[PDB]
Amino acid sequence: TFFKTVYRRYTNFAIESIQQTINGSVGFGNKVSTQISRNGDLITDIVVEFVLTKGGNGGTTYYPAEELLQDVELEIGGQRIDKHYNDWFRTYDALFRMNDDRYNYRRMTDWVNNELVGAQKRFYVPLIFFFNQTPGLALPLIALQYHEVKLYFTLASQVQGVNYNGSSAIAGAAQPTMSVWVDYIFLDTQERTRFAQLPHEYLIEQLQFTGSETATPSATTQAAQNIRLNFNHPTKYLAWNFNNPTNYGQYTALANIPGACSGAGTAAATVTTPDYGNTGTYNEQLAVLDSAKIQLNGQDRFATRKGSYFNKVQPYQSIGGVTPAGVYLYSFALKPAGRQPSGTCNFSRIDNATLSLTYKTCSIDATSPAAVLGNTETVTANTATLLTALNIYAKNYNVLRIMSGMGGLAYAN
Amino acid sequence: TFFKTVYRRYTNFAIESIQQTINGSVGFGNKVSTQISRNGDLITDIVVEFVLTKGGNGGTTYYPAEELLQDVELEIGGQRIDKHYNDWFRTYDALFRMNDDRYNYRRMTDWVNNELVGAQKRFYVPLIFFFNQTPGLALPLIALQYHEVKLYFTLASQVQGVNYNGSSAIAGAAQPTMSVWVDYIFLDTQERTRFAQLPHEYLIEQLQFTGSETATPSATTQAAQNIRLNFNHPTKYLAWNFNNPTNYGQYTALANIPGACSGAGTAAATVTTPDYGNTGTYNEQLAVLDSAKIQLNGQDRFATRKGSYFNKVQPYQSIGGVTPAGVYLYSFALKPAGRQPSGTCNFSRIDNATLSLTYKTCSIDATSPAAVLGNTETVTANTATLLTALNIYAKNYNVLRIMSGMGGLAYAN
Amino acid sequence: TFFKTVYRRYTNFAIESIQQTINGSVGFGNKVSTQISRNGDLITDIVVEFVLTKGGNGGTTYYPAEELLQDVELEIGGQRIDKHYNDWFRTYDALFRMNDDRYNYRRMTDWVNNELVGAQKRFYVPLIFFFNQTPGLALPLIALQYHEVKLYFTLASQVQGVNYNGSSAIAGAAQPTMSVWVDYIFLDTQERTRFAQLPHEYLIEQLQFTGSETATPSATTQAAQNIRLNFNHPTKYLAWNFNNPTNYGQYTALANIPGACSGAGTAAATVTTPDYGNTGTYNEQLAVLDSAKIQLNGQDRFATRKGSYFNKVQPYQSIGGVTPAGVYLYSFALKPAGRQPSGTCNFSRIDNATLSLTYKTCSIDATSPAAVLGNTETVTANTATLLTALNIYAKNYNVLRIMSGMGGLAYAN
């Protein structure tokens with residue numbers, strides 16, 4: 068029946084977001100850390116609060132608060148459970164976040180109101196480890212009595228529009244201010260007792276990353292390249308991008324098209340500098356990578372598909388939102404964004420895995436709007452040569468076993 | 068298995084939207100009502116149809132059809148079950164509605180096509196009581212044989228862009244036309260019989276509201292204020308806003324910034340009048356409230372967080388969409404928008420509850436774009452002094468017991 | 068409990084998108100087909116890849132790749148299971164797709180980056196038959212050993228902005244390139260065995276369509292018209308539109324308003340030609356149809372509601388997104404977009420079904436912005452006379468029984 072719902076009764080509880088103590092000196096390029104205080108029984112969400120001051124004007128910022136959090140390592144009992152990166156967040160956002168939620172995330176990560184020089188704002192960078200994504204995986208502190216739960220952060224040294232303008236330091240730039248808040252759940256005795264005495268097993272996810280250098284060519288392009296993928300465990304999907312390390316989230320070539328370069332379509336237009344505030348694009352014409360395929364033990368896991376296939380279709384068929392050009396996906400799961408496992412590939416059972424790539428023939432004059440807006444599928448702007456860093460990510464499952472006051476991962480890979 | 072779904076068979080039924088009889092004289096500032104006719108077995112959605120005629124041009128309207136429905140009281144058997152308000156709808160929309168659905172809601176509530184003077188449109192204001200939100204809570208008329216189900220509406224007297232322009236009545240303004248439609252479900256004998264003989268219990272939600280006056284100060288601002296919260300029952304969350312009663316949904320200070328005031332960035336720019344069509348904003352810089360915390364029996368339910376935390380993070384962590392600046396949320400539930408209860412705080416078990424507030428130091432020259440777009444976290448436009456009304460809402464659960472032809476609420480608070 | 072989720076273990080499997088062989092000569096106006104190759108055990112998604120070259124500039128294209136796929140027939144064992152159309156996709160998109168997903172779909176179907184003449188892109192048109200929408204209905208090839216699974220496509224002859232400009236062929240226009248890819252699931256022995264030996268039953272959906280000619284009148288308009296609806300089976304909903312066959316997705320009247328006609332609000336403005344790139348609108352003022360009701364065996368299935376009710380409210384109450392003006396919906400289901408049946412009307416049990424229509428009185432001067440942006444609910448632009456084709460669609464359920472190596476539909480209607 069659709070007209071008489073029977074809601075179920077749950078275990079009584081309470082939530083409180085409690086401030087953490089940050090060990091170390093907060094400031095650009097500094098390594099700082101935190102040992103989660105043992106206030107509640109379980110912990111869920113974790114937010115990093117940053118206070119920054121703008122150094123330029125409209126469109127001079129691009130996810131500053133996000134880039135600021137260069138790395139985040141989650142360690143339990145001295146053991147590293149997972150580690151995220153600056154570029155992972157950007158990629159995660161481009162892939163799995165969407166619509167108003169995604170816009171809210173940008174409001175939390177940078178200036179989106181045309182703010183000017185001197186504007187000071189509060190930023191919120193929500194962590195995304197296994198227990199930060201589902202209360203069903205809430206980390207049980209009351210069960211990790213002899214194990215310390217720690218987070219290790221590394222703050223970027225240069226952040227465009229805050230600290231620097233291109234490669235020129237900005238005078239007067241204020242050192243950032245940081246704060247760490249953790250949400251705790253307080254359980255009622257019944258379940259609290261159960262949590263500290265019984266053994267537990269959690270099916271959690273981890274992030275795997277490998278940075279590589281891209282090829283380049285034009286003219287007789289159709290440059291090629293094979294990357295040996297050294298990943299392990301049952302993997303849900305693969306995500307990768309090609310970015311110019313110089314500019315934070317630049318995953319596509321800079322060009323003389325609106326929102327594609329500093330002062331595009333204008334007399335001041337360049338192609339060396341991006342229109343920071345609008346670094347991302349949906350225009351497939353500005354992304355390298357003509358085709359791609361994955362290979363298992365020397366065999367095609369599937370036939371070659373253009374790079375647009377992994378940017379549009381793979382994301383359409385699963386996680387149905389919209390991904391900016393330059394980010395690619397290949398899912399082994401039916402629902403890669405769902406916590407419930409739905410199809411995986413066990414990499415720790417594959418001797419050889421490879422990502423075979425074929426790039427487009429640059430040759431397009433990035434300074435010409437008519438050349439960029441009016442061209443062929445297999446070519447892109449000569450500016451593509453700057454997309455030198457190839458970042459490949461794999462999201463896998465693992466098992467976290469917690470008993471007798473301590474936890475540990477079932478599989479060490 | 069993911070490749071062989073077993074759909075379940077349900078109880079046969081039919082839906083029909085049937086027109087209601089409106090008792091009383093329809094017109095601005097009039098109280099009118101309706102006794103639901105006993106056509107079907109259960110009732111779900113309820114829509115109020117309004118026909119209005121524009122009195123100005125582009126951007127002169129702001130959710131007219133919504134504001135028109137000043138109050139709505141749902142009464143059963145002479146007993147008031149719940150009562151919503153003009154400002155609740157605005158707040159509900161800012162918080163729980165999102166994306167295309169939210170845009171569709173605006174299409175149903177006002178002119179969004181740059182329409183001019185004289186444009187006449189059909190508006191649809193969907194009610195949002197417990198049975199209007201889930202067919203699982205469909206109100207069982209066949210079980211309320213001796214109880215009358217009535218709705219009591221109160222129409223606003225002045226609606227900007229329709230009836231008035233600021234405080235100046237608009238000549239020729241047509242009285243509104245109103246219609247009430249209710250969706251009925253017709254059940255097959257099996258279940259119909261079951262519905263009229265067995266006792267029933269419904270876990271429903273109610274709205275609680277308390278209007279208060281705000282503080283103000285600048286210069287040596289950092290004005291403070293504590294509000295005693297008199298709420299009852301297991302509560303899912305708290306939502307509140309500070310608005311200038313003069314302008315319908317103004318939850319933020321007016322300023323000389325695009326979309327922030329009448330003719331902003333222009334020679335005609337003001338700061339006394341809003342850019343009606345664009346009353347809402349995402350810019351945290353224009354909202355009062357620097358920090359806030361809630362207190363139970365003289366103790367901090369949680370540490371103080373800036374007002375941006377309740378506007379961005381609380382909504383990000385639950386109900387993941389995007390909320391305009393000026394609306395705040397503090398959830399006791401994991402999923403405040405879900406009908407299924409997921410965490411509550413029982414206010415009828417708390418002797419003292421308080422909302423402790425600390426405002427920002429206005430001091431900013433609302434007439435200066437460079438002052439508004441380039442400032443500090445703890446200050447806002449001097450225009451903030453107009454946000455004098457503090458509206459606090461609490462959404463709670465209660466039990467509706469229906470038997471022997473009549474219904475009633477389990478807890479009278 | 069909300070803090071200890073028990074994920075369920077599933078049947079091991081793998082996915083691979085494999086290219087299909089296209090029988091027949093690919094080219095505008097050609098009929099081509101495909102016999103699905105028997106590579107895997109089950110098949111899910113199916114994508115048609117098209118490579119087209121632009122013939123004009125910004126706003127000269129409107130879902131080209133979508134229109135290109137004029138018809139698609141799914142046949143099993145010589146039997147036609149379902150058949151979709153060009154206009155069904157447009158209507159499906161307007162109704163059930165939404166937000167970022169819907170924008171991604173447009174990226175897959177046409178140029179959205181202001182591309183110019185000569186721009187060549189890769190398009191992806193995802194099929195939407197029963198097994199293309201849910202892996203739970205994956206078509207079991209291993210169980211259809213003696214039945215051929217075939218797809219029959221018909222390519223449009225003229226596609227605005229690619230092949231033609233209005234009715235003028237474009238010289239040099241390249242013939243399209245087409246590719247068909249099917250996703251297969253490879254099952255492990257356990258379940259594979261089970262799939263090829265046990266009888267199966269699938270509750271699937273089909274599309275029903277009937278094209279009719281519209282009435283027209285103005286002045287003493289309020290023209291009327293009744294259409295005998297010849298549909299069959301348990302039907303989830305009805306969807307219909309009035310379009311000018313000349314222009315692909317024109318569901319509304321052309322007018323001298325931004326995005327409503329070629330060069331609107333300009334000296335070059337027309338009203339004979341649409342602003343192709345922006346053919347759709349949300350402005351109810353440009354849609355015909357003043358009111359409507361459905362009738363069963365000579366009786367009102369429900370009271371008459373304005374056309375805006377079926378365009379805004381019906382879609383708001385179910386499938387909550389936003390539908391462009393000109394597309395209408397009347398659902399018999401609680402959740403028409405959900406695969407799980409939730410309310411249906413059995414048309415093969417109704418001797419007479421009728422759609423009663425009443426059009427608006429055109430009379431509005433489509434060339435006048437002040438006339439279009441400032442008018443009454445019961446009138447529209449005189450241009451409405453061009454919306455001559457009435458397309459009515461009904462989505463129903465049926466049963467696909469598969470055993471002994473062959474499949475067939477339970478009900479032949």
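Same order as they appear, the protein sequences are chains A, B and C.
Under this note's numbering, the first sequence has 262 at position 195, and the numbering climbs by one with no breaks.
Under this note's numbering, the second sequence has 239 at position 172, and the numbering climbs by one with no breaks.
Under this note's numbering, the third sequence has 163 at position 96, and the numbering climbs by one with no breaks.
Where is the CB? At the ideal position from N, CA and C, for every residue including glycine.
Closest in alpha carbon position to residue 372 of chain A, among C:69, C:86, C:68, is C:86. In this structure, DSSP gives residue 470 of chain C an extended state, which the three-state scheme calls strand.
Between residue 136 of chain C and residue 99 of chain C, the gap from beta carbon to beta carbon reaches 7 Å or more.
The Cβ-Cβ distance between residue 330 of chain A and residue 336 of chain A falls below 7 Å.
For the stretch 408-439 of chain C, the set of residues with a beta-carbon nearer than 9 Å to any beta-carbon of chain A comprises 409, 410, in chain order.
Using beta-carbon distances, residue 198 of chain A does not count as an interface residue toward chain B, since no partner is under 7 Å. The three-state reading of DSSP puts residue 153 of chain A in helix, counting H, G and I together. Residues of chain B with a Cβ closer than 8 Å to the Cβ of residue 118 of chain A are, in chain order, 444. Here residue 449 of chain C carries a helix assignment [DSSP, helix/strand/coil]. Selection A:148, A:134, A:277 evaluated against residue 243 of chain A yields A:134 as nearest (Cα-Cα). Residue pairing by DSSP puts residue 302 of chain B in a beta bridge opposite B:412, B:463. Contact fails between the stretch 172-183 of chain B and the stretch 299-310 of chain B, because fewer than three Cβ pairs, one in each stretch, are under 8 Å apart. Looking at the DSSP output, residue 231 of chain A shares a beta bridge with A:227, A:236.
Within 8 Å of the CB of residue 77 of chain A, the CB atoms of chain C belong to 68, 69, in sequence order along the chain. Taken through DSSP and simplified to helix, strand or coil, residue 368 of chain C comes out as coil. Counting other Cβ atoms within 10 Å of its Cβ, residue 338 of chain A reaches 16 or more and is therefore classed as buried. Between residue 247 of chain B and residue 110 of chain B, the CB-CB gap reaches or exceeds 7 Å. Those residues of the stretch 195-229 of chain A placed with their C-beta closer than 9 Å to a C-beta in chain C are 201, 202, 203, 204, 205, 207, ordered along the chain. For a Cβ distance threshold of 8 Å, residue set 379, 380, 383 of chain A lies close to residue 175 of chain C, ordered along the chain.
Secondary structure of residue 280 of chain C (DSSP, three-state): strand. Cβ atoms of residue 346 of chain B and residue 366 of chain B stay farther apart than 8 Å, at about 38 Å. Nearest to residue 314 of chain B by C-alpha distance, out of B:217, B:233, B:443, B:94, is B:233. Classified as exposed, residue 73 of chain C has fewer than 16 neighbouring CB atoms from the shown chains inside 10 Å of its CB.
Each residue's CA atom was taken as its position, placing residue 406 of chain B and residue 200 of chain B some 8 Å apart. Look at residue 203 of chain B here: in three-state DSSP terms it is helix.
Residue contact check for residue 350 of chain C against chain B: a CB pair falls below 7 Å.
Taking 3 residues as the shortest admissible run, the stretch 247-292 of chain C contains the following complete beta strand (DSSP E) segments, listed from N- to C-terminal end: 267-280.
Residue 359 of chain A is bridged by DSSP to A:372, A:424. Inclusion of residue 392 of chain C and residue 333 of chain C in the CB contact set at 7 Å is not warranted, their separation being larger than that value.
Note that the stretch 293-302 of chain C does not touch the stretch 204-215 of chain C; fewer than 3 beta-carbon pairs, one per stretch, sit closer than 8 Å.
Close partners of residue 165 of chain A in chain C (Cβ separation under 9 Å): 166, 167, 168.
Residue-level contact check: residue 394 of chain B does not touch chain C, since none of the beta carbons of chain C fall below 7 Å from its beta carbon. In the DSSP assignment, residue 142 of chain A falls within the beta strand (DSSP E) that extends over 136-143.
The beta carbon of residue 242 of chain A does not come within 7 Å of any beta carbon belonging to chain B, so the residue lies off that interface.
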